[PDB]
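Just so it is clear, none of the values below were taken in a lab; they were calculated from the coordinates. With ideal geometry, Cβ positions are generated from the backbone for all residues, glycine too; neighbour counts draw on all protein chains shown.
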Amino acid sequence: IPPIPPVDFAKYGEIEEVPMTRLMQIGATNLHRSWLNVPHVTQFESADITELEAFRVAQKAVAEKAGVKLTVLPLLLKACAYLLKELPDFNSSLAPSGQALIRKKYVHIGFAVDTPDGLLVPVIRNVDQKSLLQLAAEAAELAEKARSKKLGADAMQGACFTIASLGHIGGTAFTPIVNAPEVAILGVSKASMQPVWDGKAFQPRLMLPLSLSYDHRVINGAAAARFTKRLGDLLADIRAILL
Amino acid sequence: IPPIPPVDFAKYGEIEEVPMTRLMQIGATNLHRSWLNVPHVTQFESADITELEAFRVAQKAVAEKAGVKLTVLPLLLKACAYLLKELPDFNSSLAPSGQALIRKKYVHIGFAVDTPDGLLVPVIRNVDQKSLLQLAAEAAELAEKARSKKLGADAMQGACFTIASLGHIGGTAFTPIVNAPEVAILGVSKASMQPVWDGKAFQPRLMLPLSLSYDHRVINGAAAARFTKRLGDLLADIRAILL
Amino acid sequence: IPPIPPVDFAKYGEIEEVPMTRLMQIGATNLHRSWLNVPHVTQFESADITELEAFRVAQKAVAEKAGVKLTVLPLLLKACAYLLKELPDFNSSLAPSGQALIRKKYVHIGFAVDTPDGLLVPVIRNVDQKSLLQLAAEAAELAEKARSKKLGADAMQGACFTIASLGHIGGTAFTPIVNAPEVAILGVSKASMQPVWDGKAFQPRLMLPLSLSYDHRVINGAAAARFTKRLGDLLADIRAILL
């Protein structure tokens, strides 16, 4: 692939060289390898989380009694695990022969933690089997170990899917890059009060922006549209996970 | 381009190998070839289809008398054909010498049909010359043949542009991949009632999300912004196609 | 990278060959080189410019007395220059060794001008040091020279960042391509009156759509979300640039 021509940046003013941590360099390589290997499409959707939010906030007592903080992330992890089982092509990878998908029968999900040294994506194993306060505890632990460089490379392996949440900082939507060999990554941005037509008038609903990027070789437009539609449906009423 | 390292997925749990149809493999190759060849940009726009929708629904009698279903797709195909003639760089392809555009003087448009075996994009020839009930009939036929594997490879050729509609499933917008050697593809998502400022107050208008991806080597930002603006203008009042 | 198969386009109808200006061909090459080199992510945000707009319009007298037109572009250039200093990783480039960032201590910003011959991106040097009417005058001059082929290649060099504004034509958002070796580009689309929840009811605020594409090897999701959040914050109240 043609390289970018070097420029003498100091011809234009003062420059300074800072170096990249080995973590950034690793990260840089993996993103570039994914970019050139995966033809990316991003499907955008918004989910009504007004009732989910009310639930979160009411269970503040129980979560503190348990010592966990219950954010949107365990609710997101539980719903994507239910969906990764319903729509199995999202829980799979392209076999190196280019002619088979390896469908995984397990659901481990990674989530992006941005640390000073670079991006880490710890993996919670068997998300489909853990409860909201279990995933809350564990997500929190893995993030603290990630920040404190105590995350062992074992916990960075064998994910089937990645959630990347930037809702705590800002933004309306973004187009994340698939962590190949996974086949999809869910970006989540900031929730806002939005007018939503109730058939007769506009009601304020709290809306969560979702950005699903996927590997278009494995997932086609209709399948990905159906995945963010079911996810918006499960987040609007998380009780559907019970049936 | 650096390959993705193989992972032993069975170290993490049970896996299963399903194979890809030849159609998926073909599709996989073509998308990857487009991805690496076309520097992609997506221009997003929303079009007011309140009046278009009213028209569609009122002509339900005539369409049933004709045996056709009149969806948004023939209305979309007629407007893009008028525009492909107004803005001819969208109806062209980059010559293999890298230094000429081949402007096509015909308008054939493909539309994406997602079938079990994979994606098919049948082509309606000379969309600029057919009427809304003619394109309605023909689109329906080609889709049935596509699903029923009776679509002959002849009808999959020589398109100038592609419409990919996922409005029947969901989503707010997506970033489609250009089917090279074409130079653009229109993605269409779900219509929603939206408040739109009338100069004095917010009126509910039915808004259609449009996502134009284009080949930035051939089309620059201003030209693509002008294309989705004219398309939003023609869909808001389809009578402008008459003049 | 696998080439696109040639098609005999004349099998389908009349075709015509128009040639590409040398400018388009140069442009075509540079975009393709960026595309294959930079793993791109776009972060979308909206900024409340109601008060900025009021200010613009009230200073119409002063700007005309000075002979300049004061558009949104000098306001945008001043805010990104303040931010390029606050968040220095956006004002830097990846060193050819792949293992260092060259942080620039100067702020020169380019802006996209679409001319008949192709795209030109003139550079205003030391944007951080010039005033709103100075940047207004200079932006206007450079654009006229760009259109009139009088722009000397000197003024097309050593930019740290690019603003690409299509707000004067249309669109809701787009995904621009990073001009490598820069690490980010801000796309700006059309402002619309939008309902924005004031804690109790929806107020019409004039909202500007921002689309920040970045080089994900150098900038991670949280940093880019923080950059468009600070930019939305500075545009909502440009007086924060004074402190």
Between the Cα axis of helix B:22-37 and the main Cα principal axis of chain B, the angle (0 to 90°, nearest 10) is 80 degrees
Here FRET efficiency (C-beta to C-beta, B:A61 to A:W197, R₀ 22 Å, nearest 0.05) is 0.20
Highest mean packing first, using Cβ neighbours within 10 angstrom, the peptides B:156-165, B:46-55 sort as B:156-165, B:46-55
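Just tell me how shielded C:206-217 is by partners: mean number of partner chain Cβ atoms within 10 Å of each residue's Cβ, no decimals. Could the numbers behind the result be given before it?
Numbers: counts 1, 0, 0, 2, 2, 7, 2, 3, 1, 3, 9, 10.
The shielding value for this peptide is 3.
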So, in nm and shortest first, the distances from B:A153 to its counterparts in the other copies, with label points 7 Å along Cα→Cβ, work out as 4.7, 4.7
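For the protein assembly as shown, with only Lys/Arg (+1) and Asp/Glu (-1) charged at the beta-carbon, what is the dipole magnitude about the Cα centre, in debye rounded to 20? Provide the component values of the computation, followed by the final result.
Numbers: 78 positive and 69 negative charges, 49 e Å.
Using only the charged Cβ atoms, the result is roughly 240 debye.
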With Cα coordinates, the longest principal axis of chain B makes an angle with the long axis of helix B:132-147, in degrees rounded to 10, of 20 degrees
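Per residue of B:87-96, count partner chain C-beta atoms within 10 Å of its C-beta, then hand back the mean as an integer. Can you show the working numbers first?
Details: counts 0, 2, 1, 0, 0, 5, 5, 3, 7, 5.
Averaged over the peptide's residues, the number is 3.
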Phi angles of segment C:55-67, converted by Karplus (6.51 cos²θ - 1.76 cosθ + 1.60, θ = phi - 60°) into ³J(HN,Hα) in whole Hz with x for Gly and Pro, give 4, 3, 5, 5, 7, 4, 4, 5, 4, 5, 4, 7, x
homo-copy label distances at B:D233 (7 angstrom along Cα-Cβ), nm, one dp, ascending, are 4.0, 4.0
Computed on Cα atoms, the radius of gyration and Dmax of the protein assembly as shown in angstrom are 25.3, 75
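So what is the 222 nm mean residue ellipticity for chain C from helices alone, if each DSSP H run of at least 4 adds -39500 (n - 2.57) and you divide by all residues, rounding to the nearest 500 deg cm²/dmol? Intermediate results must be reported in sequence, preceding the final value.
Working: 6 runs with 78 residues, N = 243.
So the helix-based figure for chain C works out to -10000 deg cm²/dmol.
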Sorted by chain and then number, the residues having a modelled amide H within less than 5 Å of the amide H of C:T115, at least 5 places away or on another chain, are C:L120
Tilt, helix B:221-236 to longest principal axis of chain B (alpha-carbon atoms), in degrees rounded to tens, equals 50 degrees
A correct Karplus calculation of ³J(HN,Hα) over segment A:112-123, with 6.51 cos²θ - 1.76 cosθ + 1.60, θ = phi - 60°, whole Hz and x for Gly and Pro, returns 6, 10, 9, 10, x, 6, x, 7, 10, 10, x, 10
Interchain or sequence-distant (5+) residues whose placed amide H lies within less than 5 Å of the amide H of C:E45 are A:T172, C:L210, C:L212
The correct pairing of chain B residue and whole-Å distance, for the Cβ nearest the axis that maps B onto C, is B:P195, 3
Taking alpha-carbon centroids only, segment B:13-66 lies from segment B:206-243 a number of Å equal to 17 Å
Averaging 1/r across every pair of distinct alpha carbons in chain C and inverting yields a Kirkwood hydrodynamic radius, in angstrom, of 19.5 Å
Residues whose modelled amide H sits under 5 Å from the amide H of C:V196, counting only those 5 or more places away in sequence or on another chain, are C:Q203, C:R205
Expected integer from the mean partner chain Cβ neighbour count at 10 Å over C:100-107 is 6
Listed residues C:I185, C:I219, C:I15; largest mean-square fluctuation, Gaussian network over chain C with Cα springs below 10 Å, found at C:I15
